[PDB]
Protein chains: 2
Amino acid sequence: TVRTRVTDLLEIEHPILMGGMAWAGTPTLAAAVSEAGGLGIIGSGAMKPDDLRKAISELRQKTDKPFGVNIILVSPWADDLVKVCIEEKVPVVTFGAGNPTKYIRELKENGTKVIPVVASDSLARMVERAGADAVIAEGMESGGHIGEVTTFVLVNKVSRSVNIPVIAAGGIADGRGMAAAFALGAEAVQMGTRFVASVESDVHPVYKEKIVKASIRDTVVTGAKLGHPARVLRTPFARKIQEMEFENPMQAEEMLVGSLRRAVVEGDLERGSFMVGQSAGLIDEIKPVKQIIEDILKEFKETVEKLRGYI
Amino acid sequence: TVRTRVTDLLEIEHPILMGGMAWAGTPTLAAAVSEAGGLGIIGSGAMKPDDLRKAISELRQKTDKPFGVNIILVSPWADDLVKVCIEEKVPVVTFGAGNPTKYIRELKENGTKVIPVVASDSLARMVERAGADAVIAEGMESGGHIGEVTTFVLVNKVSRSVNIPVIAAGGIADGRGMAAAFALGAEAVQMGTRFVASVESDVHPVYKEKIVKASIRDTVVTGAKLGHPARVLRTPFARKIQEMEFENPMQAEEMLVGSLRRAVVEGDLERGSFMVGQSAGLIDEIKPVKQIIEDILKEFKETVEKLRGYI
Ligand SMILES: Cc1cc2nc3c(=O)[nH]c(=O)nc-3n(C[C@H](O)[C@H](O)[C@H](O)COP(=O)(O)O)c2cc1C
Ligand SMILES: Cc1cc2nc3c(=O)[nH]c(=O)nc-3n(C[C@H](O)[C@H](O)[C@H](O)COP(=O)(O)O)c2cc1C
Ligand code: NA
Ligand code: NA
């Protein structure tokens, strides 16, 4: 039903992206998102080029619909992962935090849509010129690495500053979020925590369920003094890291090495980084990916009719 | 034009509140907001009971429309300020951060509408029972004291948790904000920084203009380790306070004593706390209060028509 500049740009059915997620954005879960009319995205967080090549191929076994790949600029294999996306003709590439200008042009030579994740208007506009096709404006309530501006303000300001489509991310978990994000100027939404809490997800069921029971207050920011702030589930281990950032900052940096995997794969609460957004307190049950998208789209429609009721 | 449960509850024309502000919410500026169809609110931040009584009276010299008074629960004269509001029959009382349950019942005996400011659903619901008539859900992007949840998430979650009207605050500066806040479940909006940047305001013109030139990144949070976190303009003096919170926390607490006034009244950047929300980067000019309200209402309407275009 709903169609935007983002639906045209990606030949997509719904304006819903799956956030690139390291260790959580598997080919299985991204395929279900693409089959349901959204845009799944493989999270190449801790992947070597062979891992990504195999993941790309095993996603095309599960769907012929468009999909994307997410690359962390800080990754030791960022350059190689970009070339993997090129020679596999990945339709859409997403970039994590940083400035992916050095990769725009060659990805655009190959017909790949480039959508950087930004946390400021000045960087949104900087990549817009660099050639980017769209921009994901991610507020600080999101899970994983965060910026300093909230979704409510960032999406508004970025939309007015660039002419390419803006995709709101951070805190979106239902049809009200999409409506409000669209009201703020976005033309699609990207969700992470809402798509981890799906039956197609293969995260350790502890993870899914810590999301179900988490309130909107049950997150904290770790890594802020080390320069890389990230939002995780409020847990004793996370408070230990907040302390260790001040007292022993290098021992803290090693305490997080591989901490996301012990959360994702093994559901280890004592040594895991359960990256989640504040949206977790908006999530109350595990739903199949297609049901999530259709529920969000109907509620998005009903919210617009209510907003109409005021005129 | 636009009418909600909040417009009925307050016999107000538009669903726009002026945030209670200490040293900035003067009877002059709140009168202009009430005359323009919104709800001005006197900020009794640093007022003794005589100050508030005189301020209330000198507001009724400037308008006969409804208005409110904001009380800080931490104030040495909170109890006396509440009784002043009673014997002057103030129509609406707003409470700052904390739990104002001890004041609900007696204010409700006197025909005064009680609207606490909350930063969680559990406190929103707790005051809803205590008898509150509405609730201001204030996200962490707001100016002044802040909570831990962003507007995009808090307004959504609080609206579903209570049946009394929810008023979105924090990050709202234009008609898109109102539309998105309404989409999130609110039935009115409260603004602070947008109403400081008005010609009717009497803050030192440095203050207004530091708001004009501030981006959405030009704020920081001070007072977080001392327990009372507040969002101020990103300034060297504010960074000095962030440092002094760790090293000499009691010397820091005295560094903030009266720091809001040197900002408001004297525009002292070296010793002032320029409380502002991230919305400051959405504000580009100084406008008269009535123009602000009508611009916001028209843009609110045009945003709803755009949202309609997607069906
Ligand atoms: C477990 C987890 C891992 C994530 N990993 C990445 C990542 O590797 N790269 C990236 O750019 N974003 C990453 N994100 C952020 C998401 O892509 C998305 O932008 C964010 O989840 C949106 O916020 P939400 O959780 O409120 O929906 C991650 C998020 C989560 C929850
Ligand atoms: C200078 C200033 C002073 C404020 N003082 C108070 C106060 O004394 N009590 C209170 O409850 N809120 C206070 N606030 C918060 C406002 O009432 C309002 O909720 C907030 O400004 C909304 O965020 P916004 O600036 O993005 O519009 C203050 C805000 C500012 C900017
Ligand atoms: Na939850
Ligand atoms: Na500004």
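By convention in this document, chain letters (A, B, ...) are assigned in the order of the sequence lines, proteins followed by strands, and residues within each chain are numbered from 1.
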Note: A:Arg217 and B:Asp121 closest approach over all heavy atoms is NH2-OD1, 4.4 Å
Turns out that what part of B:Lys301 lies under 4.5 Å from chain A's heavy atoms comes down to both
Assert top hit (heavy-atom pairs under 4.5 Å, partner chain B, pool A:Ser215, A:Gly309, A:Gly177, A:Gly185) equals A:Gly177
Next on the checklist: Does this structure show an ion pair linking A:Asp174 with B:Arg160, if we count only N-O contacts that are shorter than 4.0 Å?
Outcome noted: yes
Closest heavy-atom pair, A:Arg176 versus B:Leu184, reported as atoms and distance to 0.1 Å, is NH1-O, 3.3 Å
Against chain B, residues from residues 2-11 of chain A with at least one heavy atom under 4.5 Å, in numeric order, are A:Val2, A:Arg3, A:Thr4
Nearest heavy-atom approach of B:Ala183 to A:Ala179 is CB-CB, 3.9 Å
Cut-off 4.5 Å, heavy atoms of chain B, and the answer for A:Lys157 is both
Turns out that what part of B:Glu299 lies under 4.5 Å from chain A's heavy atoms comes down to side chain
Heavy-atom nearest pair, A:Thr150 first then B:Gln278, reads N-OE1, 3.0 Å
Checklist line | A:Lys213 atom NZ, over 12 foreign heavy atoms within 6.0 Å | finding: no
Item to complete: Could you tell me if the ring centre of A:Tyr310 sits under 6.0 Å from that of B:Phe300?
Response: no
Heavy atoms of other groups near A:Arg129 CZ, more than 12 under 6.0 Å: no
Under 4.5 Å to a heavy atom of chain A? For B:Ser122 that would be both
All heavy atoms of A:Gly171 vs all of B:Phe152, minimum pair found to be O-CD2, 3.7 Å
Filtered by a 4.5 Å non-hydrogen cutoff, the part of residues 134-149 of chain A contacting chain B is A:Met140, A:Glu141, A:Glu148, A:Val149
Cut-off 4.5 Å, heavy atoms of chain A, and the answer for B:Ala181 is both
One option among B:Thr219, B:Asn156, B:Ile311, B:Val155 has the most heavy-atom pairs under 4.5 Å with chain A, and it is B:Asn156
Comparing B:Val304, B:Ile172, B:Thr151, B:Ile216 against chain A, the one with the most heavy-atom pairs below 4.5 Å turns out to be B:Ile216
The interface call for B:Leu282 against chain A, heavy-atom contacts under 4.5 Å, is side chain
